[PDB]
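Student: Here is my input, please return the structure:
(chains A, B, C and D, ligands or ions: 11)
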Amino acid sequence: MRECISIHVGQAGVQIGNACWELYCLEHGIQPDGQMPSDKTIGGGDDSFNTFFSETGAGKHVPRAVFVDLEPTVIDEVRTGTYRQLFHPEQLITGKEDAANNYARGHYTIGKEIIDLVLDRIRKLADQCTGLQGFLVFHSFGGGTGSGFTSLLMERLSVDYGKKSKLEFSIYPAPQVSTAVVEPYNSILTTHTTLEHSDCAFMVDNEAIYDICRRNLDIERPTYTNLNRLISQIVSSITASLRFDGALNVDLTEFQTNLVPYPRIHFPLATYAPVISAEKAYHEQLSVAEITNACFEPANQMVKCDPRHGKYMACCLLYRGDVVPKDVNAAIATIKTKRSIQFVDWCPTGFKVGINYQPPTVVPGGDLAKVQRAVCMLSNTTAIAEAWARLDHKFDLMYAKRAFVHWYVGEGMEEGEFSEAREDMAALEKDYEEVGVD
Amino acid sequence: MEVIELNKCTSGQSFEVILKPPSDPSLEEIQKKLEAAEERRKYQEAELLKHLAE
Amino acid sequence: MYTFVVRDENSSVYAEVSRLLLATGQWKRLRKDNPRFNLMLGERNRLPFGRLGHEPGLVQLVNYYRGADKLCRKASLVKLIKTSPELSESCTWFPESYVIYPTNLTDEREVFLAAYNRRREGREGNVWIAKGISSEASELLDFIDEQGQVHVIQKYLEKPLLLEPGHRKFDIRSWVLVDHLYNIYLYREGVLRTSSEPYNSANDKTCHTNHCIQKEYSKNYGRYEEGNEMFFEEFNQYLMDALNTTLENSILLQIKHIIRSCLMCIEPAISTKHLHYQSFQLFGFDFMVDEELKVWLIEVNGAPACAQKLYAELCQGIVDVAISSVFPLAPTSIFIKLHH
Amino acid sequence: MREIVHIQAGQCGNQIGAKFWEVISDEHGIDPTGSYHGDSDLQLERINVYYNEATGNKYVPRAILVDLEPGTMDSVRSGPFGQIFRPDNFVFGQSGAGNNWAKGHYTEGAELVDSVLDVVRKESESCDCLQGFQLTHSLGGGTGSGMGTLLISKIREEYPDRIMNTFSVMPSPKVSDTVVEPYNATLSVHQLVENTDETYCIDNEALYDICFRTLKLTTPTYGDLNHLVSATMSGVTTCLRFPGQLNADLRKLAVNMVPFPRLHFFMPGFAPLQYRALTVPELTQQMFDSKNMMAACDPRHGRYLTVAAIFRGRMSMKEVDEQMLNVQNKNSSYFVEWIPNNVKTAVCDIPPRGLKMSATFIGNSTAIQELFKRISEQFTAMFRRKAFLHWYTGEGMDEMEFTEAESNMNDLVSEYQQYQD
Ligand SMILES: Nc1nc2c(ncn2[C@@H]2O[C@H](COP(=O)(O)OP(=O)(O)OP(=O)(O)O)[C@@H](O)[C@H]2O)c(=O)[nH]1
Ligand SMILES: Nc1ncnc2c1ncn2[C@@H]1O[C@H](COP(=O)(O)OP(=O)(O)CP(=O)(O)O)[C@@H](O)[C@H]1O
Ligand SMILES: Nc1nc2c(ncn2[C@@H]2O[C@H](COP(=O)(O)OP(=O)(O)O)[C@@H](O)[C@H]2O)c(=O)[nH]1
Ligand SMILES: COc1ccc(CN)cc1OC
Ligand SMILES: COc1ccc(CN)cc1OC
Ligand SMILES: [Ca+2]
Ligand SMILES: [Ca+2]
Ligand SMILES: [Ca+2]
Ligand SMILES: [Mg+2]
Ligand SMILES: [Mg+2]
Ligand SMILES: [Mg+2]
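Tutor: Residues are numbered from 1 along each chain as shown, chains lettered A, B, ... in the order given. Ligands and ions are numbered 1, 2, ... in the order given. Shown next is the protein structure:
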């Protein structure tokens, strides 16, 4: 058994982390107080869930998680909420005023004064590990803390944990659910100082989650609670192999191996099906073929793009529920003949399949309906570069006029770091085009 | 349409289907970036104070 | 009040669509760089599709199908027919073609030579054309090597149907419009771009039908029909007086079948059914007709123009079935829907 | 605990400031004596933003009342909510400033500034984490203008990293006390351009035209003009004083509104302005209509750099999104195309007193330059003859100082003009 420490940074990270650990507890039969009746080894054990939960002599199952925010109003919720007993106070860290949606303020001004405190709390969780694998980092691209402090933390993690892997779950900015005009600046600044530090990054476009909630859940004006409960479902599908007995994606290194054959192209696309409204009178349960085929519909992708016009480097199918291998291959055979699935020549045309028999757990009273089988597909398409393209465009529009730059310079950042970060985005889009187009 | 590496356990199974074959900065350098930015802020607040003194 | 942007100033078809849209009083044109638009009359090369369908509250529509170049490229159309089971390599309405990369650069040089050697030995007509016409494989391959771009060698129709009087060659241009729903509409009005020179199968590339080669190197332009353009009403009356058959029966059935076969082939690759934006596009199909009244597909154009006499009616139709069908305003259709 | 320290200087500053605390005190359920008597916990949620908690569960505004003459502050202390203000927070002189910017900034005001800053320091030391400052004043008089900007210059010296906002009332000949109001305003704009992060421009002409043309008030008074400013100040601060998914302090709100440091002068707007229900589309049409704006600048004469819209009341947030996008998508030529998504919307479930729902408009438009062109024109018509200059040179000022303020404002105009093209 090897431990995995989760780090939630900024408002988006903290609230998504809240929705994941709420789900992890329902999945592993863990109560809000930390008790687990099923665990028969009290105060210890090297089981599958022990990669994410430590144990105390009193039988408490404590998440191997750390929460970091530069302003306290968001983490104070965790300190008084349903699961206020899961985490001990050291795990929750808060400042007094935020980065004001200013990357430079989170990276330099405020981040400098609190980086050693965070690393000290992380070093505590690391000391409770017999064989630490690495870290899963949750944050937003647009937030000042989510962007600024995350990239600073990522830099130090590579220095203090050189032989550990780092996974990112990054929230891509959507104007529909955001009031930040400068998010393109923060997004591209954080991708520059974090590109050579992340081993595998899962982007989640809030616009994608927003439309799934409206289209499939009949939520007219979705809230963060709706978005986050759905995002925690996908995240749960992705981290399940680390927390449950199995052979696919057993450790964090296997995410890089199976999803990232080329180092600088480490942004896999996530697709999820089915999303059924709990308020439905009653849905006709979909089959293996139907949910598998849904993974090739853009309306179910975490990032809106057209995989028909890119090339696949890796494809990984993760099933939960009543799924048998025979039905998976049968659906795959039918999709090859119908869909447009082009793999790069230097990669094999194939699919790694993982089945977990326990069907997806749904938060009681939530929005998602119980289903007999669900699938999350992880595929590395060059088509996801469309998301970077959109962002780059917005960045260029404002930086040509230097709009809002003074805010960043005023916090100690030099202007050139902008263009140096933008040129790194031009390099990234050059790789995606060498790998995809002919 | 070949299946390989089939592993089964009580809680699930996994395999791989092949359809076709193929064809950093140190702790020292970080402290400098952070301190350099802090110095540029001090120099910019000094010129602001110098301005207010005139 | 809908908004549209124009990114192809050189579009004579959508320059009229833009002129008509504004005439409705319910369409407002914005700067070419304004993102708050409903309709994008986009550029030809490198149209930024990835930035469409991401403006909150705005239903966005574009006049190009992302991926339709697979059909409007000499080398891609060949590769699409030889590898798409829907068309098969035995396709009877497409000339025997081959992809030939210049030797200064897969390639089908050896596969093209095997078939070429079979004709020379079988006393069969062995005249080919590379495409900027020869019966010797040596000249064809040596001409492509002198160029630096990909070329395709396809059979040259040595038995083309000739109009009388004149003994002259021609080609047929049909305009096809596919809307956001992927309905395939065929404009009832075609045009024959005829050669004002008597076809000569023993030699000069003017009697073998572009409007620019006939109006520049041909010395009989505008003699028989105005502008070397014969419309269906005349060409049909000729088919009846000469061959005792109609245009619908002898040619039009085969044309409607080719348009359907090509567009339905690439539908899974270019459809915007479940996409965050919508696509429509106007196509220009170019056919050849041989003395057996068999129709052949020459090429498909993704940014075609329209005959001067038909700019009004066709552009008005593009607005009815492609633009207003998605953004309604506050017949006897000019199109022939090809159901499927 | 993101506390805001409020300052009101001069006649106009204290009269408008008085109505502000009167309006939001009624919204938070605070009575004239400082006792809470509401029914919704949402009122006390962010009550400490503008109020300090005293013994006996009393709430005392975090306000400092400053003037060079006792006249106006005597009325406040004897006004409706006069008892609510901390008695020590009244800092006033006796000589007055004679509508003379120099007296407020250099002579009379300078003699009194330190004692005012001692009170500011007292209020800041009780803040768990000071958000920033806000000043209410006019620019055409002497105290609020001259000494008002003197205070701003000293607050930026002692608190260089705190946000400094102002609600600045701009003079208009149609509502004028003295002919020297252009002199005082130009001298103040020079200070504000340099030393404030955000300024909400309130043009007395717009306030009059609204009372006269829209509200149908035959003979408007300063009391009528101040009601509009109360409502707008309450609307502007709605999202600071109440909860909601919005988690933003003054700085984060400034970062997203101010693309260029000097172009930080906003056009505020309020809707509506009687028993009929106003639909969400109607709220949006008015909020963007020039007649509902207080800067007296026709937005169609410029371009919006950024726009913040705050809706108050129980309404369909789905319908609000639709209407906002409709206004944008139907007038996209009045928004700079080089700032994507520069129009943001916030909602609040608590409406103002007497309104089922309302809207507050905050625009950073380059059309504000017309307000500085008016002041610059009126300034030059007198300054080219050095008319009325002796009142200022008699206080130790030099013409050069005038020429510099003039040049800084003209530059500001030419700056707005380059981003408008
Ligand atoms: N999916 C999701 N996105 C969120 C959530 N909270 C904030 N965001 C997104 O994150 C972006 C803003 O960044 P924040 O996380 O709020 O800022 P921060 O990390 O707290 O850093 P500060 O600037 O200091 O506040 C916007 O694009 C929001 O849409 C959330 O709970 N769920
Ligand atoms: N296989 C073939 N056999 C006989 N003639 C042919 C032929 N392919 C092309 N042609 C002649 O060439 C003309 C079509 O040329 P082609 O379409 O390849 O050039 P182009 O693409 O520049 C003109 P367009 O505007 O239609 O795209 C026709 O008029 C036809 O007479
Ligand atoms: N809106 C409004 N404007 C005022 C009020 N009182 C004065 N003014 C304006 O402010 C300017 C005069 O400044 P004033 O506050 O009286 O000078 P001060 O007391 O020395 O600061 C003139 O342009 C007046 O029109 C008021 O109560 N409301
Ligand atoms: C939503 O609230 C606001 C939006 C913008 C501004 C201007 N920086 C201020 C606000 O509240 C005081
Ligand atoms: C309602 O408008 C806003 C709300 C919050 C912020 C701060 N990110 C900015 C806004 O407008 C620029
Ligand atoms: Ca155990
Ligand atoms: Ca690394
Ligand atoms: Ca004195
Ligand atoms: Mg935050
Ligand atoms: Mg062509
Ligand atoms: Mg006065």
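Student: Nearest to chain C within the stretch 301-438 of chain A, name that residue for me.
Tutor: Ranked by Cβ to the nearest Cβ, the top residue of the stretch 301-438 of chain A for proximity to chain C is residue A:386, at 3.4 Å. Bear in mind the C-beta positions are built from the backbone N, C-alpha and C, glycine included.
Student: what's the burial count for that residue?
Tutor: Residues within reach of residue A:386, counting by other Cβ atoms under 10 Å in any protein chain shown, total 23.
Student: Excluding chain neighbours, what is closest to it?
Tutor: residue C:50 (3.4 Å; Cβ to Cβ, 6 or more residues apart in numbering or on different chains).
Student: sec struct for whatever residue of chain C ends up closest to ligand 3, please.
Tutor: Nearest residue of chain C to ligand 3 (Cβ to the nearest ligand atom) works out as residue C:36 at 37.0 Å. Going by DSSP: H, G, I helix; E, B strand; the rest coil, the secondary structure assigned to residue C:36 is coil.
Student: what residues are up against the residue nearest to the spatial centre of chain B?
Tutor: Geometric centre of chain B, nearest residue: residue B:24, 10.7 Å, by Cα atoms, centre = their mean. Taking Cβ atoms under 8 Å, 6 or more residues apart in numbering or on different chains as the contact definition, residue B:24 lies against A:155, A:158-159, A:196-197.
Student: Just the element for it, please.
Tutor: For residue B:24, there is no helix or strand it lies in under DSSP states H and E.
Student: For chain B, which segments are assigned as helices?
Tutor: Secondary structure of chain B, counting by DSSP state H: helices at B:27-53.
Student: start to end distance for stretch C:270-282?
Tutor: 14 Å (Cα to Cα, to the nearest Å).
Student: Pull the contacting residues for the residue nearest to residue C:312 when sequence neighbours are not counted.
Tutor: In this structure, residue C:312 finds its nearest non-sequential neighbour in residue C:16, 7.7 Å apart by Cβ to Cβ, 6+ apart. Contacts of residue C:16 were listed using Cβ under 8 Å, 6+ apart, and they are C:311-312, C:315.
Student: sorry, back to before: does the residue of the stretch 301-438 of chain A closest to chain C sit in a helix, a strand or a coil?
Tutor: Put simply, residue A:386 is helix when judged by three-state DSSP.
Student: still on that earlier bit, name the element the residue nearest to residue C:312 belongs to?
Tutor: In this structure, residue C:16 is located in helix C:12-23 according to DSSP H and E.
Student: Name the residues of that helix that are buried.
Tutor: Of the residues in helix C:12-23, C:13-18, C:20-21 count as buried by neighbour count, 16 or more other Cβ atoms under 10 Å in any protein chain shown.
Student: Same list (those) but as JSON lines, adding distance to residue D:400.
Tutor: Conversion of the buried residues of helix C:12-23 to JSON lines gives the following (distance: Cβ to Cβ, whole Å):
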{"residue": "C:13", "distance to residue D:400": "65"}
{"residue": "C:14", "distance to residue D:400": "61"}
{"residue": "C:15", "distance to residue D:400": "59"}
{"residue": "C:16", "distance to residue D:400": "63"}
{"residue": "C:17", "distance to residue D:400": "62"}
{"residue": "C:18", "distance to residue D:400": "57"}
{"residue": "C:20", "distance to residue D:400": "63"}
{"residue": "C:21", "distance to residue D:400": "59"}
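Student: wait, what's in contact with residue C:260?
Tutor: When contacts are counted by Cβ under 8 Å, 6+ apart, residue C:260 is found next to C:184, C:338, C:340.
Student: Backbone dihedrals for the first one, please?
Tutor: Dihedral pair for residue C:184: phi -100, psi 110, per degrees, to the nearest 10.
Student: Give me every residue in chain D that's in contact range of chain C.
Tutor: Applying Cβ under 8 Å from any Cβ of the partner chain, we find that chain D lies next to chain C at D:321-322, D:325-326, D:328-330, D:332-333, D:337, D:340.
Student: try 7 Å
Tutor: Counting by Cβ under 7 Å from any Cβ of the partner chain, the positions of chain D adjacent to chain C are D:321-322, D:325, D:328-330, D:332, D:337.
Student: Let's see if you can find the most crowded of those residues.
Tutor: Counting neighbours by other Cβ under 10 Å, the top entry in the residues of chain D next to chain C is residue D:328, with 22 neighbours.
Student: Find the nearest non-adjacent residue to that residue, please.
Tutor: Closest residue in space to residue D:328, ignoring its immediate chain neighbours: residue D:343 at 5.5 Å, by Cβ to Cβ, 6+ apart.
Student: Please enumerate the helices of the stretch 151-300 of chain D.
Tutor: Along the stretch 151-300 of chain D, counting by DSSP state H, counting those that start in this stretch, helices occupy D:181-195, D:204-209, D:222-236, D:238-241, D:250-255, D:280-287.
Student: rewinding a little: what's the helix or strand that the helix holding residue C:16 is followed by in contact with?
Tutor: The helix or strand immediately downstream of helix C:12-23 is strand C:27-30, counting by DSSP H and E. Identification of contacts with strand C:27-30 by Cβ atoms under 7 Å, 6 or more residues apart in numbering or on different chains yields C:1-6, C:18, C:21-22, C:37, D:332.
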